[PDB]
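Everything on this sheet refers to the single structure shown next.
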Amino acid sequence: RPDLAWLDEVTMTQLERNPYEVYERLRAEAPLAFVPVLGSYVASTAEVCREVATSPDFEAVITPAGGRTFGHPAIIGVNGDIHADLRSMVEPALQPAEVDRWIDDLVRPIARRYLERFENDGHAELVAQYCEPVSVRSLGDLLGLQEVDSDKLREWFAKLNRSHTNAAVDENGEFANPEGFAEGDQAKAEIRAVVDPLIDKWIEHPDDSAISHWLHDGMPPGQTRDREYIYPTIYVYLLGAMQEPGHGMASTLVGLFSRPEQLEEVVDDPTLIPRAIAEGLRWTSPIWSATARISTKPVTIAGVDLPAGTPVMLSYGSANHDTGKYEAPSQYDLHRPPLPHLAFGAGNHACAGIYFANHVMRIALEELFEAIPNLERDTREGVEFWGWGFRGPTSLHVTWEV
Ligand code: HEM
Ligand SMILES: COc1ccccc1O
């Protein structure tokens, strides 16, 4: 678009390091805009992202690098009867009444286990030592992957993250970095080696694991869903569902450390943890720009006439800094009004795991502050945030008096 000629000089590295400056310009100049290096239109404001995600004239589409990573039928990329079946498949263990029955007994012992490894050290790097392991161990146990170590689940989500977000396209519209998908293919090959024997077992001997229920629930007697039909949703889980509660926890902690008086309020009154996490997710949204919708008819949005069949990436992390909606959105503020945010998306493809994820993060933070109420951020170490499609802190060094 003519007035956006500067977008041709935006690089993938710039977006990964810090997308907020480019997107601040997009929100003012062009809430719906084609970004050449991403090969796609992007929605940057709250109004546009919410309209696209909820519109009857759009449906889900996987991003280009997302499709190369996950294939079909990834739950994020399908619609109609297949999407309705996949949602019916994943929803039982995520239903709020079901989560409330067992979430505490799942997450709290796991948080205690990881805490005991470091709570008397006086220093820790909380992303690797706590946030990521609690997130992956909780979900891994729910899924039936009790025997897959947390380091391995963390390695898989990192590789899948890099493949899914390997979005850069060249001057011809072709992927600029095709070898960046190789580590995704490698992760998937390893996942298959580990998970295929578990599926073999669950087909004949169902148990209470969620993946066993994905095979069996709603199927006629003696039948299971084909493994090829469920694997792309397994992969979707082994990326975002494993990665995001850890990132959300960690971003919430960074934000609280940036407002020391608010950190103190939350440590003294842990009933404020849920509000702290909601602000954390708005402040640095873990899924920042990983999903998309495609138009099914011509539409006009934010002045742009789009033809049918036009993908639009939903940059919810930008929408969550919309200054039309928020005052000083780049500042973390526990006491912001409880406005809707888009960190779980919207519409029929909104996050299916919200209630689970919010309890994972809550319980992990409750236990952290009970164990180390005098946590302080190691402030000469910097908190680097990284990522355009998924965003979170790369490390979180903390210190405390033992
Ligand atoms: C803080 C943690 C999490 C955040 C911020 C988050 C955010 C999101 C977002 C932004 C999307 C895309 C929504 C859209 O395109 O409108 C999504 C999709 C999804 N999430 Fe979550 N997620 C989190 C954790 C989880 C967990 C732990 C699970 C599973 C237990 C999960 C299951 C799903 C599923 C199944 C979808 C696909 C929904 C669909 O396409 O129908 N999420 N999530
Ligand atoms: C829940 O996991 C995901 C959500 C959106 C995009 C990729 C994912 O793996």
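Residues: numbered from 1 along the sequence shown. All heavy atoms count here, side chains included; hydrogens, waters and symmetry mates do not. In listed order, ligands and their atoms are each counted from 1.
A donor-acceptor contact closer than 3.5 angstrom links the side chains of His247 and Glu132. In this structure, a donor-acceptor pair under 3.5 Å is present between the side chains of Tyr231 and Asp196. Remark: the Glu376 side chain and the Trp400 side chain contain no N/O donor-acceptor pair separated by less than 3.5 Å. The closest side-chain donor-acceptor pair between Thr69 and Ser163 falls under 3.5 angstrom. Counting only N and O atoms by type, the side chains of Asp104 and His359 include no donor and acceptor under 3.5 Å apart. Donor-acceptor pairing under 3.5 Å is recorded for the side chains of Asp333 and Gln262. Of the N and O atoms on the side chains of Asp217 and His213, at least one donor lies less than 3.5 Å from an acceptor on the other residue. No donor-acceptor contact under 3.5 angstrom links the side chains of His83 and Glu59, judged on distance only. Remark: the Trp6 side chain and the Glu29 side chain contain an N/O donor-acceptor pair separated by less than 3.5 Å. If you check the side chains of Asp378 and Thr399, you find no donor sitting under 3.5 Å from an acceptor.
Of all atoms in ligand 1, numbered sequentially from 1 with element shown, those under 4.0 Å from a heavy atom of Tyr237 are 29 (C), 30 (C), 35 (C). For ligand 1 and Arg293, the ligand atoms under 4.0 Å from any heavy atom of the residue are 14 (C), 15 (O), 16 (O). Set against the non-hydrogen atoms of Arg87, the atoms of ligand 1 under 4.0 Å away are 38 (C), 39 (C), 41 (O). Residue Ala346 approaches ligand 1 through these ligand atoms, each under 4.0 Å from one of its heavy atoms: 16 (O). Atoms of ligand 1 lying under 4.0 Å from at least one heavy atom of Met361, given by number and element, are 1 (C). Interface of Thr291 with ligand 1, defined as ligand atoms under 4.0 Å from a residue heavy atom, comprises 12 (C), 14 (C), 15 (O). Listed by atom number, the atoms of ligand 1 under 4.0 Å from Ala343 heavy atoms are 5 (C), 7 (C), 10 (C). Under a 4.0 Å criterion applied to the non-hydrogen atoms of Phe356, ligand 1 contributes the atoms 27 (C), 30 (C).
Heavy-atom separations between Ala350 and ligand 1 include at least one value shorter than 4.0 Å. Residue contact annotation: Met242 has no non-hydrogen atom under 4.0 Å from ligand 1.
The residue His247 has no part lying near ligand 1, judged by heavy-atom distances below 4.0 Å. In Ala60, neither the side chain nor the backbone holds a heavy atom less than 4.0 Å from any atom of ligand 1.
Among protein atoms, those of element N, O or S found less than 2.8 Å away from atom 21 (Fe) of ligand 1 are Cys351 SG.
Under the 30°/60° scheme for interplanar angles, the aromatic rings of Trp214 and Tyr237 are found to stand perpendicular.
At the top of the distance list for atom 16 (O) of ligand 1, counting protein heavy atoms only, stands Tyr316 OH, 2.7 Å. Scanning all protein heavy atoms for the shortest distance to atom 13 (C) of ligand 1 gives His349 O, 3.3 Å.
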Could you pull out the N/O contacts under 3.5 angstrom between ligand 2 and the surrounding protein atoms?
{"residue": "ligand 2", "atom": "2 (O)", "partner": "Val236", "partner atom": "O", "Å": "3.1"}
{"residue": "ligand 2", "atom": "9 (O)", "partner": "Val236", "partner atom": "O", "Å": "2.6"}
{"residue": "ligand 2", "atom": "9 (O)", "partner": "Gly240", "partner atom": "N", "Å": "3.0"}

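Taking the six-membered ring for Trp and the full ring otherwise, the centers of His123 and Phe118 sit at least 6.0 Å from each other.
Both the sub-6.0 Å distance and the 45° axial angle are satisfied by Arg282 relative to the ring of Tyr326.
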Does the pair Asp305 and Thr300 meet the rule for a side-chain hydrogen bond (donor to acceptor under 3.5 Å, both in side chains), with working shown? CA-CA 4 Å; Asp305 301 304; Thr300 301; 2.6 Å; yes
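When the side chain to side chain contact (heavy atoms under 4.5 Å, CB included) test is applied to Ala364, the partners found at least two apart in sequence or on another chain are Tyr130, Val134, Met249. By the salt bridge (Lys or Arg N to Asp or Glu O under 4.0 Å) test, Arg27 pairs with no residue at all, sequence neighbours left out.
Using a 4.0 Å cut-off between charged nitrogen and carboxylate oxygen, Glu279 and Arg275 do not count as a salt-bridge pair.
Summarising the contacts of atom 30 (C) of ligand 1 with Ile277, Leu94, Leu143, the nearest heavy atom is found in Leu94.
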